[PDB]
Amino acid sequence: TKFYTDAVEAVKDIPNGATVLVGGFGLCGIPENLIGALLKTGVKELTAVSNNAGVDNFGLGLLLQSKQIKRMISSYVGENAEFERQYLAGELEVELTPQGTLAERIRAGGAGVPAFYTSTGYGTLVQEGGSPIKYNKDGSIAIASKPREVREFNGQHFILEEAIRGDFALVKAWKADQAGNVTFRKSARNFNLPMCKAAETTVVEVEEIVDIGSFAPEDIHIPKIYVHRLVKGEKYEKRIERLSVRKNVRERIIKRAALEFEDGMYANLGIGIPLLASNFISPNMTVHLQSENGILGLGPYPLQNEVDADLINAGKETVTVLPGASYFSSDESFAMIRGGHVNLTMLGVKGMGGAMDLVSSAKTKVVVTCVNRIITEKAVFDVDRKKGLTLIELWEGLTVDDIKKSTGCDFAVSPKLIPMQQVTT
């Protein structure tokens, strides 16, 4: 690996039209200095592979503001009006690809695998194709997405995805030793790790450079072999997108969803009612919360002094982690998810993020507040792919008619129908 004292010198040779992998999840683990360097060189017509597009005034958004990006390959581009603007006006190309798929396609690109199968996106516009990649100067679709080949394996359907590689990779890491090995801090890992292996030329910026020997050989997240160019970032704005500090119809659902948790259970909860339900978990009960951006053992929102920019949940909120928790990369995170290692997944044109991956495994129970159970203010429906909807719980005071009145499709009724349950304490 070659060390650079100047960030612009490290990215000076990036050609216009090049496809560049950019690390980061939200504003966590983004290569600030390298992005700032691209603003200096002014390289354009870039195809940026980044999970998100940062925000309007920070992260990848900056390259959108300077219009140096021709195409974005991401999983979620919300919280950025500039993107929407350029996207709709038909001046920006964008491939909305599932997060887990994005992570795995990048890993494949670095592992010598040209293509693989995944159930993520099956029976979706990802698979079916037709999704608008680009609009025309008005509102008409110029470029559409091509369909994904489908194939069956052991009785299940999967779609074929191809490896993603870049000419360059702009990666953000924590430390680098003098040999070129690097490590990542907390959840600022995400896409930086795999992206570091899938480009002709990888450029890594770090907060600190230590001596060879500072790292235990077993704990080097990225071996020097993958680090082509290394630079120590000049400045680091520990920017937070959503500061979440700690100090009814909605209440019914929450108090009911809370009954879905079980001791020793591994679950992934979407921000909103699902996550809020975790607050009503018996202290005697142990539930391990997983976060698709690379965390196992999510804790409560931090106190003002606990706040850390390198630690946020999938919803982009600052969080804490409990004892016995662990961090890992985005590709490892979705292998965990795709592989059905998560017991329960409870959830409520910006992209699908990791939603499709979360419901991609048949070994994972999916509860809505593809699907296994639906919890709502009025009732609880069980779901069988072969039998269909089936009311199993009804809110005290309501009648099957009330449900029928509000429900769209018909549904069966369990001879065990009981009033909706609620967490005692």
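Residue positions are given as counts along the sequence shown, with the first one as 1. Take the two forms, superpose them, and find the largest set of C-alpha atoms that agree within 1.5 Å; that set is the rigid core.
Participant: May I ask which stretch, 395-403 or 52-60, sits farther from the shown form in 6 other deposited structures of this protein once every structure is superposed on the core, judging by RMS CA distance?
Facilitator: Between 395-403 and 52-60, the one lying farther away in 6 other deposited structures of this protein is 395-403.
Participant: Once the rigid core is matched, which of the two stretches, 83-91 or 201-209, lies farther off on average in 6 other deposited structures of this protein by C-alpha?
Facilitator: After superposing on the rigid core, the more displaced stretch in 6 other deposited structures of this protein is 83-91.
Participant: Using what the record says, work out whether there is a hole in the model between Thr369 and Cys370 and how many deposited residues it spans (none, 1 to 3, 4 to 9, 10 or more).
Facilitator: Unmodelled stretch: 10 or more residues.
Participant: Pick one of none, 1 to 3, 4 to 9 or 10 or more for the number of deposited-sequence residues not modelled between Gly348 and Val349.
Facilitator: Going from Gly348 to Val349, the model skips 10 or more residues of the deposited sequence.
Participant: Taking the mean of the C-alpha B-factors per stretch from the entry, tell me the winner out of 61-69 and 389-397.
Facilitator: If you average the C-alpha B-factors of 61-69 and of 389-397, the larger mean comes out for 389-397.
Participant: Between 262-270 and 187-195, point out the one with the higher average CA B-factor as the PDB entry records it.
Facilitator: Of 187-195 and 262-270, the stretch with the higher C-alpha B-factor average is 262-270.
Participant: Out of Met356, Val383, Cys28, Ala37, which residue has the highest Cα temperature factor in the PDB record?
Facilitator: Each of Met356, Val383, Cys28, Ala37 was compared by C-alpha B-factor; the highest is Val383.
Participant: Choose from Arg85, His228, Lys175, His221 the residue with the greatest Cα B-factor as stated in the PDB record.
Facilitator: Comparing C-alpha B-factors across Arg85, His228, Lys175, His221, the top value belongs to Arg85.
Participant: Per the entry's values, where does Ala53 land by CA temperature factor relative to the rest of its chain, in the lowest, middle or highest third?
Facilitator: It belongs to the middle third of the chain when residues are ordered by C-alpha B-factor.
Participant: Using the temperature factors of the C-alpha atoms in this entry, rank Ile403 within its chain: lowest, middle or highest third.
Facilitator: Highest third.
Participant: Is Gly23 in the lowest, middle or highest third of its chain when residues are ranked by C-alpha B-factor?
Facilitator: For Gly23, whose C-alpha B-factor we compare with every modelled residue in the chain, the answer is the lowest third.
Participant: State the tercile, meaning the lowest, middle or highest third, of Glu251 with respect to the CA B-factors recorded for its chain.
Facilitator: CA B-factor rank for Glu251: highest third.
Participant: Using the temperature factors of the C-alpha atoms in this entry, rank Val94 within its chain: lowest, middle or highest third.
Facilitator: It belongs to the middle third of the chain when residues are ordered by C-alpha B-factor.
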